file work_37.txt (compact mmCIF, C-alpha atoms and all ligand atoms)
# COMPACT_ATOMS: atom_id res chain seq x y z
CA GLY A 1 0.00 0.00 0.00
CA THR A 2 0.78 3.76 0.05
CA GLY A 3 0.20 6.53 2.63
CA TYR A 4 2.79 5.65 5.31
CA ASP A 5 4.49 9.07 5.63
CA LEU A 6 1.72 11.48 6.66
CA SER A 7 1.39 10.66 10.39
CA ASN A 8 4.28 10.32 12.77
CA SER A 9 4.33 7.20 14.80
CA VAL A 10 3.66 5.07 11.66
CA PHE A 11 5.73 2.12 10.48
CA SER A 12 6.20 1.97 6.73
CA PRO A 13 6.10 -1.54 5.22
CA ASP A 14 9.91 -1.53 5.02
CA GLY A 15 10.08 -0.72 8.76
CA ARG A 16 10.89 3.00 8.65
CA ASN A 17 9.38 6.11 10.20
CA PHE A 18 9.42 8.46 7.22
CA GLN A 19 8.46 11.50 9.27
CA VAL A 20 11.68 11.10 11.24
CA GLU A 21 13.65 10.74 8.01
CA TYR A 22 11.94 13.87 6.70
CA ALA A 23 13.00 15.64 9.92
CA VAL A 24 16.61 14.79 9.11
CA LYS A 25 16.18 16.76 5.88
CA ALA A 26 15.57 19.91 7.94
CA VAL A 27 18.72 19.05 9.90
CA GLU A 28 20.80 18.58 6.75
CA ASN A 29 19.66 21.94 5.41
CA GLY A 30 20.97 23.55 8.60
CA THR A 31 24.28 25.18 9.40
CA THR A 32 27.32 22.98 9.88
CA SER A 33 28.37 22.37 13.50
CA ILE A 34 30.84 20.06 15.18
CA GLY A 35 32.35 18.68 18.33
CA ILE A 36 35.88 17.55 19.14
CA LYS A 37 36.72 15.54 22.26
CA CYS A 38 40.18 16.11 23.75
CA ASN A 39 42.28 14.84 26.67
CA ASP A 40 40.25 16.61 29.36
CA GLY A 41 37.26 18.29 27.79
CA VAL A 42 35.27 19.01 24.66
CA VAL A 43 35.15 21.84 22.15
CA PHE A 44 32.05 23.06 20.34
CA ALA A 45 31.97 25.25 17.23
CA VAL A 46 29.31 26.42 14.80
CA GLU A 47 28.88 28.40 11.59
CA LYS A 48 26.73 31.55 11.80
CA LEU A 49 25.73 32.56 8.28
CA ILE A 50 25.82 36.32 7.93
CA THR A 51 22.49 36.50 6.09
CA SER A 52 22.98 40.26 5.91
CA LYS A 53 25.47 42.83 7.20
CA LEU A 54 22.41 43.95 9.20
CA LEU A 55 22.98 41.22 11.82
CA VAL A 56 24.85 42.48 14.86
CA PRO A 57 28.18 40.62 14.94
CA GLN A 58 28.87 38.33 17.87
CA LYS A 59 25.27 38.69 18.98
CA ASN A 60 23.02 35.80 17.90
CA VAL A 61 24.63 33.18 20.09
CA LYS A 62 23.98 29.61 19.22
CA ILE A 63 25.86 27.44 21.70
CA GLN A 64 23.85 26.94 24.88
CA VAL A 65 24.96 25.85 28.33
CA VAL A 66 23.26 23.24 30.51
CA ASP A 67 23.88 23.55 34.27
CA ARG A 68 27.53 24.68 34.51
CA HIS A 69 29.45 21.83 32.83
CA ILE A 70 27.49 20.91 29.67
CA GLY A 71 27.65 22.45 26.21
CA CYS A 72 25.04 21.95 23.48
CA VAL A 73 24.98 22.95 19.84
CA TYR A 74 22.62 21.91 17.10
CA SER A 75 21.91 22.05 13.38
CA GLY A 76 18.48 22.52 11.84
CA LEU A 77 15.34 24.21 13.18
CA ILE A 78 16.84 26.53 15.82
CA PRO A 79 13.65 26.93 17.93
CA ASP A 80 13.45 23.14 18.31
CA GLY A 81 17.00 23.22 19.64
CA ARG A 82 16.17 25.75 22.35
CA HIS A 83 13.18 23.61 23.31
CA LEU A 84 15.30 20.47 23.69
CA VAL A 85 17.87 22.52 25.64
CA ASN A 86 15.18 23.92 27.94
CA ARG A 87 14.07 20.39 28.65
CA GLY A 88 17.71 19.50 29.25
CA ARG A 89 18.00 22.26 31.80
CA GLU A 90 14.96 21.01 33.71
CA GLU A 91 16.23 17.46 33.48
CA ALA A 92 19.61 18.55 34.84
CA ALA A 93 17.96 20.44 37.70
CA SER A 94 15.78 17.50 38.73
CA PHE A 95 18.84 15.25 38.80
CA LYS A 96 20.91 17.66 40.90
CA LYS A 97 18.06 18.43 43.31
CA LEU A 98 17.68 14.79 44.26
CA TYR A 99 21.23 13.48 43.83
CA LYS A 100 23.26 16.70 44.55
CA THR A 101 25.98 15.69 42.13
CA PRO A 102 25.59 17.54 38.79
CA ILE A 103 24.22 15.26 36.12
CA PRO A 104 26.86 12.92 34.61
CA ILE A 105 27.30 13.40 30.88
CA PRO A 106 26.06 9.95 29.78
CA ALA A 107 23.08 10.25 32.16
CA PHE A 108 22.29 13.57 30.54
CA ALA A 109 22.56 12.01 27.06
CA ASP A 110 19.91 9.46 27.97
CA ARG A 111 17.66 12.17 29.43
CA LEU A 112 17.73 13.99 26.08
CA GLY A 113 17.61 10.76 24.09
CA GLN A 114 14.57 9.40 25.96
CA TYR A 115 12.70 12.68 25.47
CA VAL A 116 13.51 12.96 21.75
CA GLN A 117 12.65 9.29 21.23
CA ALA A 118 9.37 10.13 22.94
CA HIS A 119 8.44 12.42 20.03
CA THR A 120 8.53 9.44 17.59
CA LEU A 121 5.83 7.56 19.55
CA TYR A 122 2.61 9.41 18.66
CA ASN A 123 1.10 11.07 15.63
CA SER A 124 0.02 14.02 17.79
CA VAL A 125 3.56 15.45 17.71
CA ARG A 126 6.28 15.80 15.13
CA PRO A 127 9.94 14.75 15.59
CA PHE A 128 12.63 17.17 16.62
CA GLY A 129 14.06 18.98 13.62
CA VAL A 130 17.63 19.17 14.97
CA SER A 131 20.66 17.00 15.44
CA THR A 132 22.45 18.01 18.61
CA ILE A 133 26.10 17.75 19.68
CA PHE A 134 26.76 18.16 23.40
CA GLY A 135 29.11 17.01 26.13
CA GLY A 136 31.15 17.93 29.14
CA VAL A 137 33.42 16.81 31.98
CA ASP A 138 32.14 14.64 34.80
CA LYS A 139 33.43 12.58 37.74
CA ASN A 140 35.36 10.38 35.29
CA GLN B 1 5.94 24.21 61.32
CA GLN B 2 8.53 24.79 64.11
CA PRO B 3 12.33 25.36 64.03
CA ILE B 4 14.87 22.73 65.04
CA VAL B 5 18.57 23.34 64.37
CA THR B 6 18.97 27.09 64.55
CA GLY B 7 21.48 29.88 64.14
CA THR B 8 21.58 33.14 66.10
CA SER B 9 22.32 36.79 65.41
CA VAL B 10 23.44 38.18 62.07
CA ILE B 11 24.75 41.74 62.34
CA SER B 12 25.78 44.25 59.69
CA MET B 13 26.33 47.94 58.93
CA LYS B 14 27.06 50.33 56.09
CA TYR B 15 30.21 52.41 55.85
CA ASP B 16 31.66 54.94 53.37
CA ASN B 17 32.47 52.46 50.57
CA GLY B 18 30.63 49.18 51.22
CA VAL B 19 29.00 47.01 53.89
CA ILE B 20 30.15 44.53 56.52
CA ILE B 21 28.20 41.49 57.70
CA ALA B 22 29.02 38.78 60.24
CA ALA B 23 27.51 35.74 61.94
CA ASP B 24 28.89 33.01 64.21
CA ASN B 25 29.54 29.46 63.07
CA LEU B 26 27.05 27.67 65.35
CA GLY B 27 23.98 25.55 64.73
CA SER B 28 22.25 25.10 68.11
CA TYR B 29 19.72 22.34 68.76
CA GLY B 30 17.42 23.64 71.38
CA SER B 31 19.93 24.27 74.16
CA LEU B 32 22.50 21.75 72.87
CA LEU B 33 25.34 23.59 71.07
CA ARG B 34 25.29 20.75 68.61
CA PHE B 35 27.03 21.75 65.35
CA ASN B 36 30.11 23.92 65.10
CA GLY B 37 31.17 24.09 61.48
CA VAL B 38 28.14 25.98 60.26
CA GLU B 39 28.66 28.84 57.81
CA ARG B 40 25.72 31.21 57.70
CA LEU B 41 27.23 33.74 55.31
CA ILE B 42 26.37 32.86 51.72
CA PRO B 43 28.23 34.86 49.05
CA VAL B 44 26.50 35.23 45.70
CA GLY B 45 28.84 36.40 43.00
CA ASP B 46 31.44 39.04 43.84
CA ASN B 47 29.11 41.74 45.17
CA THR B 48 26.46 40.19 47.43
CA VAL B 49 26.65 38.32 50.74
CA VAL B 50 23.45 36.89 52.26
CA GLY B 51 23.54 36.24 56.01
CA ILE B 52 20.95 33.99 57.56
CA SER B 53 19.70 33.17 61.05
CA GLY B 54 16.81 30.87 61.96
CA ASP B 55 16.20 27.25 60.97
CA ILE B 56 19.40 25.73 59.55
CA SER B 57 17.60 23.31 57.25
CA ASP B 58 15.59 26.12 55.71
CA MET B 59 18.90 28.00 55.42
CA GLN B 60 20.39 25.03 53.55
CA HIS B 61 17.32 25.32 51.30
CA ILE B 62 17.74 29.06 50.71
CA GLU B 63 21.36 28.42 49.83
CA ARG B 64 20.52 26.02 47.00
CA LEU B 65 17.90 28.46 45.77
CA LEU B 66 20.76 30.93 45.46
CA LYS B 67 23.10 28.54 43.68
CA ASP B 68 20.24 27.76 41.28
CA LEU B 69 19.67 31.49 40.73
CA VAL B 70 23.33 31.97 39.78
CA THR B 71 23.31 28.94 37.47
CA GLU B 72 20.20 30.09 35.64
CA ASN B 73 21.18 33.75 35.40
CA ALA B 74 24.04 32.36 33.27
CA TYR B 75 21.76 30.58 30.79
CA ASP B 76 21.78 32.33 27.39
CA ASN B 77 23.37 35.36 29.08
CA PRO B 78 26.79 36.14 27.54
CA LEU B 79 27.07 39.03 30.06
CA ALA B 80 26.41 36.93 33.17
CA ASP B 81 29.79 37.98 34.67
CA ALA B 82 29.53 41.64 33.68
CA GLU B 83 26.68 43.97 32.84
CA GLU B 84 24.17 41.16 33.48
CA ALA B 85 25.66 39.59 36.60
CA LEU B 86 23.28 39.15 39.53
CA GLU B 87 22.79 42.40 41.52
CA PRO B 88 22.21 42.46 45.29
CA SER B 89 18.89 44.18 44.74
CA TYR B 90 17.81 41.35 42.46
CA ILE B 91 18.85 38.68 44.97
CA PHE B 92 16.96 40.45 47.75
CA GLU B 93 13.72 40.90 45.77
CA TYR B 94 13.76 37.21 44.90
CA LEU B 95 14.22 36.08 48.50
CA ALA B 96 11.74 38.67 49.78
CA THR B 97 9.24 37.41 47.23
CA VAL B 98 9.77 33.78 48.21
CA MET B 99 9.58 34.57 51.91
CA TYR B 100 6.21 36.30 51.67
CA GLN B 101 4.70 33.73 49.31
CA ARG B 102 5.76 31.09 51.81
CA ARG B 103 4.23 32.90 54.80
CA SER B 104 1.09 33.31 52.79
CA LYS B 105 0.88 29.58 52.12
CA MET B 106 1.09 29.16 55.92
CA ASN B 107 4.36 27.26 55.53
CA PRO B 108 7.10 29.75 56.33
CA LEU B 109 10.83 29.59 55.86
CA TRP B 110 11.77 29.98 59.51
CA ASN B 111 14.40 32.61 58.99
CA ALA B 112 15.59 36.17 59.25
CA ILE B 113 17.81 37.19 56.32
CA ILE B 114 20.15 40.12 55.69
CA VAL B 115 21.33 40.82 52.15
CA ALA B 116 24.46 42.97 52.10
CA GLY B 117 26.26 44.02 48.95
CA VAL B 118 27.30 46.69 46.47
CA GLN B 119 25.21 47.73 43.48
CA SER B 120 26.68 48.07 39.99
CA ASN B 121 26.56 51.86 40.30
CA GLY B 122 28.58 51.64 43.57
CA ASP B 123 25.67 52.32 45.97
CA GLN B 124 25.57 50.25 49.14
CA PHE B 125 22.80 47.68 49.49
CA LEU B 126 21.61 46.50 52.91
CA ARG B 127 18.08 45.20 53.52
CA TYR B 128 16.32 42.67 55.79
CA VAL B 129 13.55 40.10 55.25
CA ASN B 130 12.11 37.46 57.59
CA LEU B 131 9.69 34.52 57.79
CA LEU B 132 6.71 36.89 57.67
CA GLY B 133 7.76 38.78 54.56
CA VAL B 134 8.55 41.96 56.52
CA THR B 135 11.29 44.03 54.86
CA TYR B 136 13.14 47.10 55.99
CA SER B 137 16.42 48.89 55.36
CA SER B 138 18.54 50.90 57.85
CA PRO B 139 22.20 51.93 58.32
CA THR B 140 22.48 48.96 60.71
CA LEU B 141 20.63 45.66 60.57
CA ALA B 142 20.67 42.74 63.02
CA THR B 143 18.65 39.61 63.77
CA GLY B 144 18.02 37.71 67.01
CA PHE B 145 19.94 39.12 69.96
CA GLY B 146 21.89 41.37 67.59
CA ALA B 147 18.91 43.67 67.28
CA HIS B 148 18.93 44.08 71.03
CA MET B 149 22.66 44.35 71.69
CA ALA B 150 24.46 44.91 68.38
CA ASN B 151 22.19 47.63 67.00
CA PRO B 152 22.72 49.94 70.02
CA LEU B 153 26.49 49.72 69.56
CA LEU B 154 26.57 49.97 65.76
CA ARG B 155 24.01 52.79 65.72
CA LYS B 156 26.51 54.80 67.77
CA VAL B 157 28.97 54.80 64.85
CA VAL B 158 26.43 55.43 62.04
CA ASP B 159 23.41 57.00 63.74
CA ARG B 160 22.19 59.10 60.77
CA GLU B 161 22.50 58.65 57.01
CA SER B 162 25.10 61.45 56.87
CA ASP B 163 27.37 59.44 59.17
CA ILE B 164 27.82 56.75 56.52
CA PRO B 165 30.30 58.68 54.35
CA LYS B 166 32.24 59.60 57.52
CA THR B 167 32.68 55.95 58.54
CA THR B 168 35.68 54.02 57.29
CA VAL B 169 36.11 50.27 56.83
CA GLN B 170 38.49 50.35 59.80
CA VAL B 171 36.03 51.97 62.24
CA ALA B 172 33.16 49.82 60.94
CA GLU B 173 34.95 46.46 61.06
CA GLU B 174 36.06 47.21 64.62
CA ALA B 175 32.48 48.01 65.68
CA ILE B 176 31.31 44.74 64.11
CA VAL B 177 34.04 42.71 65.80
CA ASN B 178 33.38 44.29 69.20
CA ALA B 179 29.67 43.53 68.82
CA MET B 180 30.38 39.87 68.12
CA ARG B 181 32.16 39.81 71.49
CA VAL B 182 29.26 41.43 73.31
CA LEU B 183 27.03 38.78 71.80
CA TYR B 184 29.46 36.08 72.93
CA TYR B 185 29.32 37.50 76.50
CA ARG B 186 25.54 37.63 76.78
CA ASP B 187 23.82 35.33 74.20
CA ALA B 188 23.53 31.81 75.53
CA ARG B 189 23.28 30.51 71.94
CA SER B 190 26.44 32.06 70.47
CA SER B 191 29.86 30.71 69.56
CA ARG B 192 33.35 32.13 69.85
CA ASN B 193 34.10 31.33 66.18
CA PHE B 194 32.51 33.52 63.56
CA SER B 195 32.72 34.60 59.94
CA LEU B 196 32.87 38.15 58.58
CA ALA B 197 32.46 39.61 55.09
CA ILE B 198 33.30 42.99 53.54
CA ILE B 199 31.82 44.20 50.23
CA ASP B 200 33.65 47.32 48.99
CA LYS B 201 32.97 49.29 45.84
CA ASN B 202 36.80 49.28 45.28
CA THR B 203 38.34 46.21 46.98
CA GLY B 204 35.44 43.84 46.20
CA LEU B 205 34.41 40.82 48.26
CA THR B 206 36.60 39.99 51.22
CA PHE B 207 35.29 36.90 53.04
CA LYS B 208 37.11 36.22 56.35
CA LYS B 209 36.52 32.76 57.86
CA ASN B 210 37.50 31.37 61.25
CA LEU B 211 37.66 34.42 63.47
CA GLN B 212 37.64 34.15 67.25
CA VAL B 213 36.55 36.55 69.95
CA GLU B 214 39.71 37.99 71.50
CA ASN B 215 40.47 40.37 74.35
CA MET B 216 37.64 39.30 76.59
CA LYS B 217 37.65 40.73 80.09
CA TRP B 218 36.99 38.11 82.77
CA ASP B 219 39.50 38.94 85.51
CA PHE B 220 36.98 40.79 87.72
CA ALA B 221 35.16 37.45 88.18
CA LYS B 222 37.69 36.40 90.82
CA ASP B 223 36.44 39.20 93.11
CA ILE B 224 32.82 38.05 92.98
CA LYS B 225 31.95 36.12 96.12
CA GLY B 226 28.54 34.66 96.94
CA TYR B 227 25.30 36.45 96.13
CA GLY B 228 24.94 39.09 98.84
CA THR B 229 26.25 38.55 102.36
CA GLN B 230 28.81 35.81 101.70
CA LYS B 231 32.30 37.27 102.14
CA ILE B 232 34.66 34.45 101.07
CL CL C 301 8.66 32.54 42.88
MG MG C 302 14.14 20.68 69.72
MG MG C 303 33.33 27.97 58.74

call {"tool": "encode", "arguments": {"input": "work_37.txt", "output": "structure tokens"}}
result
Amino acid sequence: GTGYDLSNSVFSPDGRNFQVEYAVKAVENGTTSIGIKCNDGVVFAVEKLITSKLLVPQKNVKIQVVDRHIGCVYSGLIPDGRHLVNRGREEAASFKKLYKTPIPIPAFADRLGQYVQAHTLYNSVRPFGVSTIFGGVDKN
Amino acid sequence: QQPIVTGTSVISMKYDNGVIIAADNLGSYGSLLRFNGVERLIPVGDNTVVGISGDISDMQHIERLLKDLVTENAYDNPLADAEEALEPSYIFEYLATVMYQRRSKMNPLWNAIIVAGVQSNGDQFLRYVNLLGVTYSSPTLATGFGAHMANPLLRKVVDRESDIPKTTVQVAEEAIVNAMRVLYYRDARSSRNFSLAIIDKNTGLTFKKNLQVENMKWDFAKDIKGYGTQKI
């Protein structure tokens, strides 16, 4: 049959979720952004297209912080990125409030992952239109 | 509710260039002087110091509120250590707001709080808030016994507003330190060890830990015999 790419949580007959794959297209059309891991940290960098000399230089910041130790950058639909980051901030606060230790980087990855995966579960939401690079330094 | 582990006076005053604030290092438990490593001066940034008496657990709560405030002020704020760093007046309004909301939900934070610091424009900040939401500002502020013994001494250095520019860090710190001794003489819930903070529009945030009351006068006690007629 046909039709399998108009709602979100729908399996196509070859096992895919086309709406997620269509979300990737928005990501691919985004600015290029990277992460490099080094001996004791991480670096984040991103390309800010100067659409017009009318943009104030230095002033449309794209890299966001989470808590005090985590950096996040993303490519694609910027407002989706902020959303995911906002959630990340809440998720990092909950963890610290109960456990005191600031959230370990892998534990933070799964917090984001679980939430983003959540938006592939129902046709009443669309997937996140961003791929996100993030990281930091933790107890090990 | 009802307080349990508690901390006593917090005293402070304004001088020509900044403000001083101090409080002893004790968490009493009823009449048991139970905990001795207790810091009740909470610095926030480089320009604000929040001193707290009352219930120690609620103080531990108000501290984390303040760490959270700092953390979040940084979010998406590339000026969070400059033009957009947290101001003392912001930190006070937040706490004042929380304190009164909490009273009004009939679940108070069992505290008295003094926010001392220096505004971005140099002005001195010094204001009080307590478990009822009451707020006031004066050239001297104290909680607990300090309002009864410290204020009379500190008010003798800076009685009027015009005295503030005449008072120097040296005069003011000495007043503060003398007061802490008076409180150690006469407050049954005080400790000899105490912490003291200076916030100066020029020298910044000096935070002195681990002071002790010195130069106490006790010698006359040897000449005190009995309680009236007893002669030996
Ligand atoms: Cl609030
Ligand atoms: Mg008791
Ligand atoms: Mg101490």

call {"tool": "closest_atom_pairs", "arguments": {"input": "work_37.txt", "of": "chain B", "to": "chain A", "cutoff": "10 Å", "atoms": "all atoms listed in the file", "output": "Markdown table"}}
result
| residue | atom | partner | partner_atom | distance |
| --- | --- | --- | --- | --- |
| B:64 | CA | A:97 | CA | 8.8 |
| B:68 | CA | A:93 | CA | 8.5 |
| B:70 | CA | A:68 | CA | 9.9 |
| B:71 | CA | A:67 | CA | 6.3 |
| B:72 | CA | A:67 | CA | 7.6 |
| B:74 | CA | A:65 | CA | 8.2 |
| B:75 | CA | A:65 | CA | 6.2 |
| B:76 | CA | A:64 | CA | 6.3 |
| B:77 | CA | A:61 | CA | 9.3 |
| B:78 | CA | A:61 | CA | 8.3 |

call {"tool": "axis_aligned_box", "arguments": {"input": "work_37.txt", "around": "range 54-69 of chain B", "padding_each_side": "5 Å", "output": "lines of an AutoDock Vina configuration file"}}
result
center_x = 19.3
center_y = 27.4
center_z = 51.3
size_x = 17.5
size_y = 18.2
size_z = 31.2

call {"tool": "residues_near_ligand", "arguments": {"input": "work_37.txt", "ligand": "ligand CL 301 (chain C)", "cutoff": "12 Å", "atoms": "only C-alpha atoms and all ligand atoms", "output": "list in words"}}
result
residues 65, 69, 93, 94, 95, 96, 97, 98, 99, 100, 101 and 102 of chain B

call {"tool": "atom_distance", "arguments": {"input": "work_37.txt", "atom1": "CA of residue 57 in chain B", "atom2": "CA of residue 31 in chain B"}}
result
17.1 Å

call {"tool": "residues_near_point", "arguments": {"input": "work_37.txt", "point": "(34.5, 43.6, 47.2)", "cutoff": "9 Å", "atoms": "all atoms listed in the file", "output": "MDAnalysis selection string"}}
result
chainID B and resid 18 46:48 117:118 198:207

call {"tool": "residues_near_point", "arguments": {"input": "work_37.txt", "point": "(28.7, 26.4, 58.0)", "cutoff": "10 Å", "atoms": "all atoms listed in the file", "output": "PyMOL selection string"}}
result
chain B and resi 24-27+35-42+56+60+194-195

call {"tool": "atom_distance", "arguments": {"input": "work_37.txt", "atom1": "CA of residue 126 in chain A", "atom2": "CA of residue 77 in chain A"}}
result
12.5 Å
